[PDB]
>>> print(open('model.cif').read())   # mmCIF, C-alpha atoms
data_my_file
#
loop_
_atom_site.label_atom_id
_atom_site.label_comp_id
_atom_site.auth_asym_id
_atom_site.auth_seq_id
_atom_site.Cartn_x
_atom_site.Cartn_y
_atom_site.Cartn_z
CA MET A 1 19.76 -9.18 18.24
CA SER A 2 19.14 -5.47 17.73
CA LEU A 3 22.40 -4.49 16.03
CA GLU A 4 23.70 -3.73 12.51
CA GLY A 5 20.23 -4.17 11.03
CA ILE A 6 21.62 -4.59 7.52
CA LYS A 7 22.14 -8.36 7.50
CA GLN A 8 23.01 -9.43 11.03
CA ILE A 9 19.61 -9.38 12.73
CA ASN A 10 19.81 -13.17 13.05
CA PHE A 11 22.42 -12.92 15.83
CA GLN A 12 20.35 -15.25 18.05
CA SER A 13 18.56 -16.96 15.21
CA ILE A 14 20.62 -19.94 14.07
CA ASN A 15 19.57 -22.34 11.26
CA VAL A 16 17.26 -19.51 10.24
CA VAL A 17 16.75 -17.55 7.02
CA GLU A 18 15.48 -14.08 6.14
CA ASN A 19 13.37 -15.24 3.24
CA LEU A 20 12.84 -18.20 0.90
CA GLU A 21 15.11 -16.21 -1.41
CA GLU A 22 17.87 -17.05 1.09
CA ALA A 23 16.35 -20.42 2.03
CA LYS A 24 17.19 -23.63 0.20
CA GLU A 25 15.87 -27.15 -0.31
CA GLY A 26 16.80 -30.52 1.15
CA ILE A 27 16.74 -29.37 4.73
CA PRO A 28 13.13 -29.31 6.05
CA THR A 29 11.64 -25.84 6.06
CA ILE A 30 9.71 -24.27 8.93
CA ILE A 31 7.74 -21.17 8.00
CA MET A 32 6.58 -18.86 10.76
CA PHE A 33 4.36 -16.07 9.50
CA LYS A 34 4.60 -12.85 11.45
CA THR A 35 3.44 -9.26 11.03
CA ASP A 36 5.84 -6.31 11.15
CA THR A 37 5.30 -5.44 14.80
CA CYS A 38 4.66 -8.63 16.77
CA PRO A 39 5.82 -9.56 20.30
CA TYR A 40 5.01 -13.27 19.95
CA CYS A 41 7.66 -13.50 17.25
CA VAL A 42 10.49 -12.70 19.67
CA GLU A 43 9.16 -15.22 22.20
CA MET A 44 9.12 -17.98 19.59
CA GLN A 45 12.50 -16.90 18.18
CA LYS A 46 14.27 -17.60 21.48
CA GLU A 47 12.40 -20.91 21.70
CA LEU A 48 13.70 -21.63 18.19
CA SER A 49 17.19 -20.72 19.40
CA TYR A 50 16.86 -23.49 21.98
CA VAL A 51 15.71 -25.96 19.32
CA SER A 52 18.61 -24.94 17.09
CA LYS A 53 20.96 -25.49 20.03
CA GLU A 54 19.86 -29.13 20.18
CA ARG A 55 19.74 -29.44 16.40
CA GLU A 56 22.70 -27.94 14.53
CA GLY A 57 22.31 -27.82 10.75
CA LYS A 58 19.27 -29.98 10.07
CA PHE A 59 16.42 -27.69 9.05
CA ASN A 60 15.87 -24.04 8.17
CA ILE A 61 13.68 -21.57 10.06
CA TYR A 62 12.10 -19.00 7.77
CA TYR A 63 10.84 -15.83 9.41
CA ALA A 64 7.93 -14.99 7.15
CA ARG A 65 7.47 -11.30 7.69
CA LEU A 66 4.23 -9.90 6.28
CA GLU A 67 6.30 -6.79 5.51
CA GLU A 68 7.00 -8.00 1.99
CA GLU A 69 5.00 -8.88 -1.12
CA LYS A 70 6.26 -12.45 -1.58
CA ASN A 71 4.63 -13.36 1.72
CA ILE A 72 1.22 -12.38 0.42
CA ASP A 73 0.97 -15.48 -1.77
CA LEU A 74 3.28 -17.26 0.66
CA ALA A 75 0.79 -16.54 3.47
CA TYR A 76 -2.24 -17.99 1.69
CA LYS A 77 -0.25 -20.89 0.26
CA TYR A 78 0.50 -21.96 3.83
CA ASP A 79 -2.82 -21.07 5.48
CA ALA A 80 -1.40 -18.08 7.35
CA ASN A 81 -4.02 -15.73 8.76
CA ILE A 82 -2.91 -15.50 12.40
CA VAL A 83 0.47 -14.63 13.90
CA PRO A 84 2.39 -16.69 14.31
CA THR A 85 1.43 -19.20 11.63
CA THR A 86 3.96 -21.97 12.04
CA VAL A 87 3.89 -24.36 9.12
CA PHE A 88 6.14 -27.38 9.22
CA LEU A 89 7.45 -28.65 5.90
CA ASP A 90 9.60 -31.73 5.30
CA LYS A 91 12.81 -31.82 3.20
CA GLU A 92 11.32 -30.62 -0.12
CA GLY A 93 8.74 -28.38 1.46
CA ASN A 94 5.92 -30.84 2.03
CA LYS A 95 3.40 -28.81 4.03
CA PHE A 96 2.54 -31.39 6.67
CA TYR A 97 1.40 -29.48 9.74
CA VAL A 98 0.28 -25.89 10.21
CA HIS A 99 -0.20 -24.38 13.65
CA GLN A 100 -1.46 -20.88 14.28
CA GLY A 101 -0.44 -19.82 17.76
CA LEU A 102 2.52 -19.71 20.12
CA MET A 103 4.36 -22.88 21.15
CA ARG A 104 7.49 -24.02 23.00
CA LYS A 105 10.80 -25.73 22.17
CA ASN A 106 9.62 -29.26 23.04
CA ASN A 107 6.47 -28.99 20.99
CA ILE A 108 8.13 -27.37 17.97
CA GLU A 109 10.87 -29.97 18.16
CA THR A 110 8.39 -32.86 18.34
CA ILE A 111 6.66 -31.64 15.18
CA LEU A 112 10.00 -31.58 13.34
CA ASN A 113 10.35 -35.17 14.48
CA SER A 114 6.88 -35.78 13.06
CA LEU A 115 7.97 -34.43 9.67
CA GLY A 116 11.16 -36.39 9.61
CA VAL A 117 13.97 -33.89 9.09
CA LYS A 118 15.72 -36.54 7.02
CA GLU A 119 18.17 -34.43 5.11
CA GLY A 120 20.55 -32.24 7.05
CA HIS A 121 22.89 -35.17 7.51
CA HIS A 122 25.88 -32.84 7.63
CA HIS A 123 25.96 -32.65 11.40
CA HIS A 124 29.45 -32.80 12.91
CA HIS A 125 29.72 -35.92 15.09
CA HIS A 126 32.13 -33.97 17.28
#
>>> encode(input="model.cif", output="C-alpha coordinates")
Amino acid sequence: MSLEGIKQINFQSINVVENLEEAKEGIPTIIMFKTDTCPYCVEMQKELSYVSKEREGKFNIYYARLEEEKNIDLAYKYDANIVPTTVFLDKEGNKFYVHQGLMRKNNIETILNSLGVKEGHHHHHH
(Lines of atoms letter the chains of each structure in order from A and count residues from 1; the text may use other names and numbers.)
(Lines give C-alpha, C1' and ligand atoms only; values in the text may rest on other atoms or scores of the structure.)
Protein backbone atom coordinates (compact mmCIF):
# COMPACT_ATOMS: atom_id res chain seq x y z
CA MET A 1 0.00 0.00 0.00
CA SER A 2 1.01 3.65 0.20
CA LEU A 3 3.94 3.39 2.61
CA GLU A 4 7.76 3.38 2.51
CA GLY A 5 7.76 3.95 -1.25
CA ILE A 6 11.36 2.80 -1.57
CA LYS A 7 10.79 -0.93 -2.10
CA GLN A 8 7.68 -1.91 -0.17
CA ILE A 9 4.91 -0.63 -2.44
CA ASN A 10 3.91 -4.23 -3.11
CA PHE A 11 2.38 -4.59 0.37
CA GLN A 12 -0.87 -5.93 -1.13
CA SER A 13 0.71 -7.22 -4.30
CA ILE A 14 1.87 -10.79 -3.74
CA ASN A 15 3.55 -12.97 -6.42
CA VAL A 16 4.22 -9.65 -8.13
CA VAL A 17 7.37 -7.92 -9.38
CA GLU A 18 8.42 -4.31 -9.96
CA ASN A 19 10.06 -4.99 -13.30
CA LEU A 20 11.38 -7.81 -15.48
CA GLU A 21 14.71 -6.87 -13.93
CA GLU A 22 13.26 -8.33 -10.70
CA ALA A 23 11.16 -10.93 -12.52
CA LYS A 24 12.47 -14.39 -13.37
CA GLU A 25 11.72 -17.34 -15.64
CA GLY A 26 10.04 -20.68 -15.09
CA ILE A 27 7.00 -19.27 -13.38
CA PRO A 28 4.50 -17.94 -15.99
CA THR A 29 4.67 -14.19 -16.40
CA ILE A 30 1.69 -11.85 -16.51
CA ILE A 31 2.46 -8.37 -17.81
CA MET A 32 0.01 -5.57 -17.10
CA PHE A 33 0.92 -2.35 -18.84
CA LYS A 34 -0.09 0.79 -16.99
CA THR A 35 0.61 4.51 -17.26
CA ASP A 36 1.99 6.54 -14.35
CA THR A 37 -1.35 7.84 -13.10
CA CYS A 38 -4.03 5.21 -13.68
CA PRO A 39 -7.00 4.28 -11.46
CA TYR A 40 -7.75 1.00 -13.27
CA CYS A 41 -4.38 -0.30 -12.11
CA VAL A 42 -5.39 -0.23 -8.45
CA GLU A 43 -8.69 -1.97 -9.22
CA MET A 44 -6.91 -4.79 -11.04
CA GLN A 45 -4.18 -4.97 -8.38
CA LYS A 46 -6.68 -5.91 -5.66
CA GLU A 47 -8.24 -8.41 -8.07
CA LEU A 48 -4.73 -9.81 -8.55
CA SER A 49 -4.37 -9.96 -4.76
CA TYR A 50 -7.41 -12.25 -4.72
CA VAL A 51 -5.93 -14.44 -7.45
CA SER A 52 -2.63 -14.61 -5.56
CA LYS A 53 -4.57 -15.62 -2.44
CA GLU A 54 -5.86 -18.69 -4.28
CA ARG A 55 -2.53 -19.27 -6.01
CA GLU A 56 0.55 -18.97 -3.80
CA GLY A 57 3.87 -19.06 -5.65
CA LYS A 58 2.94 -20.19 -9.15
CA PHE A 59 3.31 -17.21 -11.47
CA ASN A 60 4.66 -13.65 -11.37
CA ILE A 61 2.66 -10.47 -11.87
CA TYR A 62 4.70 -7.74 -13.52
CA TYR A 63 3.41 -4.20 -13.14
CA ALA A 64 4.58 -2.67 -16.39
CA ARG A 65 4.68 1.01 -15.62
CA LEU A 66 5.08 3.24 -18.67
CA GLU A 67 7.17 5.44 -16.37
CA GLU A 68 10.37 3.77 -17.51
CA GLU A 69 12.30 3.30 -20.76
CA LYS A 70 12.43 -0.50 -20.76
CA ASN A 71 8.65 -0.56 -21.08
CA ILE A 72 8.80 1.34 -24.35
CA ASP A 73 10.06 -1.69 -26.26
CA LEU A 74 8.32 -3.90 -23.70
CA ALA A 75 5.01 -2.18 -24.55
CA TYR A 76 5.23 -2.73 -28.30
CA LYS A 77 6.65 -6.23 -27.89
CA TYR A 78 3.46 -7.17 -26.06
CA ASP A 79 0.94 -5.12 -28.06
CA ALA A 80 0.38 -2.59 -25.28
CA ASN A 81 -1.37 0.59 -26.39
CA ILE A 82 -4.23 0.77 -23.87
CA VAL A 83 -4.19 0.64 -20.08
CA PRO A 84 -4.29 -1.88 -18.75
CA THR A 85 -2.72 -4.18 -21.34
CA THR A 86 -2.75 -7.56 -19.68
CA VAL A 87 -0.61 -10.05 -21.55
CA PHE A 88 -0.52 -13.61 -20.32
CA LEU A 89 2.71 -15.52 -20.86
CA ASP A 90 3.40 -19.17 -20.02
CA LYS A 91 6.46 -20.45 -18.09
CA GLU A 92 9.18 -19.14 -20.43
CA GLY A 93 7.28 -16.06 -21.47
CA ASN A 94 5.22 -17.44 -24.34
CA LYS A 95 2.91 -14.54 -25.20
CA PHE A 96 -0.33 -16.47 -25.55
CA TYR A 97 -3.15 -14.04 -24.80
CA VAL A 98 -3.24 -10.25 -24.65
CA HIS A 99 -6.22 -8.37 -23.28
CA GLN A 100 -6.53 -4.61 -23.22
CA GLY A 101 -9.09 -3.63 -20.64
CA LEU A 102 -10.14 -4.26 -17.05
CA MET A 103 -11.07 -7.76 -15.84
CA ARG A 104 -11.85 -9.67 -12.64
CA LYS A 105 -10.25 -12.41 -10.52
CA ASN A 106 -12.20 -15.28 -12.11
CA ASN A 107 -11.42 -14.20 -15.64
CA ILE A 108 -7.74 -13.47 -15.00
CA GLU A 109 -7.46 -16.79 -13.19
CA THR A 110 -9.12 -18.70 -16.03
CA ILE A 111 -6.62 -17.27 -18.53
CA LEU A 112 -3.73 -18.45 -16.34
CA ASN A 113 -5.37 -21.85 -16.50
CA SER A 114 -5.48 -21.44 -20.27
CA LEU A 115 -1.72 -20.80 -20.35
CA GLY A 116 -0.91 -23.68 -18.09
CA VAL A 117 1.10 -22.27 -15.20
CA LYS A 118 3.06 -25.50 -15.20
CA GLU A 119 6.12 -24.46 -13.29
CA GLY A 120 5.68 -22.99 -9.84
CA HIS A 121 5.50 -26.47 -8.37
CA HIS A 122 6.97 -25.21 -5.10
CA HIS A 123 3.61 -24.72 -3.44
CA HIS A 124 3.47 -25.85 0.19
CA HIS A 125 0.94 -28.69 0.52
CA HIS A 126 0.23 -27.42 4.02
>>> resolve_selection(input="model.cif", expression="the PyMOL selection byres ((chain A and resi 42) around 12)", output="list in words")
residues 1, 2, 9, 10, 12, 13, 32, 34, 35, 36, 37, 38, 39, 40, 41, 43, 44, 45, 46, 47, 48, 49, 63, 83, 84, 102 and 103 of chain A
>>> write_last_selection(input="model.cif", atoms="C-alpha atoms", output="mmCIF file, in the coordinates of the input")
data_model
loop_
_atom_site.group_PDB
_atom_site.id
_atom_site.type_symbol
_atom_site.label_atom_id
_atom_site.label_comp_id
_atom_site.auth_asym_id
_atom_site.auth_seq_id
_atom_site.Cartn_x
_atom_site.Cartn_y
_atom_site.Cartn_z
ATOM 1 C CA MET A 1 19.760 -9.180 18.240
ATOM 2 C CA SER A 2 19.140 -5.470 17.730
ATOM 3 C CA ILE A 9 19.610 -9.380 12.730
ATOM 4 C CA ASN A 10 19.810 -13.170 13.050
ATOM 5 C CA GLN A 12 20.350 -15.250 18.050
ATOM 6 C CA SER A 13 18.560 -16.960 15.210
ATOM 7 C CA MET A 32 6.580 -18.860 10.760
ATOM 8 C CA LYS A 34 4.600 -12.850 11.450
ATOM 9 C CA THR A 35 3.440 -9.260 11.030
ATOM 10 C CA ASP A 36 5.840 -6.310 11.150
ATOM 11 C CA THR A 37 5.300 -5.440 14.800
ATOM 12 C CA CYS A 38 4.660 -8.630 16.770
ATOM 13 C CA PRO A 39 5.820 -9.560 20.300
ATOM 14 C CA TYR A 40 5.010 -13.270 19.950
ATOM 15 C CA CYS A 41 7.660 -13.500 17.250
ATOM 16 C CA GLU A 43 9.160 -15.220 22.200
ATOM 17 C CA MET A 44 9.120 -17.980 19.590
ATOM 18 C CA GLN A 45 12.500 -16.900 18.180
ATOM 19 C CA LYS A 46 14.270 -17.600 21.480
ATOM 20 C CA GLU A 47 12.400 -20.910 21.700
ATOM 21 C CA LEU A 48 13.700 -21.630 18.190
ATOM 22 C CA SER A 49 17.190 -20.720 19.400
ATOM 23 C CA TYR A 63 10.840 -15.830 9.410
ATOM 24 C CA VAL A 83 0.470 -14.630 13.900
ATOM 25 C CA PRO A 84 2.390 -16.690 14.310
ATOM 26 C CA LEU A 102 2.520 -19.710 20.120
ATOM 27 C CA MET A 103 4.360 -22.880 21.150
#
>>> resolve_selection(input="model.cif", expression="the PyMOL selection byres ((chain A and resi 82) around 8)", output="PyMOL selection string")
chain A and resi 33+80-81+83-85+100-101
>>> write_last_selection(input="model.cif", atoms="C-alpha atoms", output="PDB file, keeping the file's coordinate frame")
ATOM      1  CA  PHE A  33       4.360 -16.070   9.500  1.00  0.00           C
ATOM      2  CA  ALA A  80      -1.400 -18.080   7.350  1.00  0.00           C
ATOM      3  CA  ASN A  81      -4.020 -15.730   8.760  1.00  0.00           C
ATOM      4  CA  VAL A  83       0.470 -14.630  13.900  1.00  0.00           C
ATOM      5  CA  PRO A  84       2.390 -16.690  14.310  1.00  0.00           C
ATOM      6  CA  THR A  85       1.430 -19.200  11.630  1.00  0.00           C
ATOM      7  CA  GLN A 100      -1.460 -20.880  14.280  1.00  0.00           C
ATOM      8  CA  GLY A 101      -0.440 -19.820  17.760  1.00  0.00           C
TER       9      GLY A 101
END
>>> residues_near_point(input="model.cif", point="(12.5, -21.9, 8.1)", cutoff="8 Å", atoms="all atoms listed in the file", output="number ranges by chain")
A: 15-17, 23, 28-32, 59-63
>>> residues_around(input="model.cif", residues="residue A:122", least_positions_apart="6", cutoff="10 Å", atoms="all atoms listed in the file", output="VMD selection string")
chain A and resid 56 to 58
>>> closest_residue(input="model.cif", among="A:89, A:21, A:99, A:74", to="residue A:116", atoms="only C-alpha atoms")
A:89
>>> closest_residue(input="model.cif", among="A:53, A:24, A:91, A:7", to="residue A:109", atoms="all atoms listed in the file")
A:53
>>> atom_distance(input="model.cif", atom1="atom CA of residue A:112", atom2="atom CA of residue A:3")
29.9 Å
>>> closest_residue(input="model.cif", among="A:94, A:106, A:71, A:114", to="residue A:19", atoms="all atoms listed in the file")
A:71
>>> closest_residue(input="model.cif", among="A:121, A:126, A:77, A:105", to="residue A:50", atoms="all atoms listed in the file")
A:105
>>> atom_distance(input="model.cif", atom1="atom CA of residue A:14", atom2="atom CA of residue A:51")
9.4 Å
>>> atom_distance(input="model.cif", atom1="atom CA of residue A:66", atom2="atom CA of residue A:18")
12.0 Å
>>> closest_residue(input="model.cif", among="A:75, A:87, A:27, A:98", to="residue A:123", atoms="only C-alpha atoms")
A:27
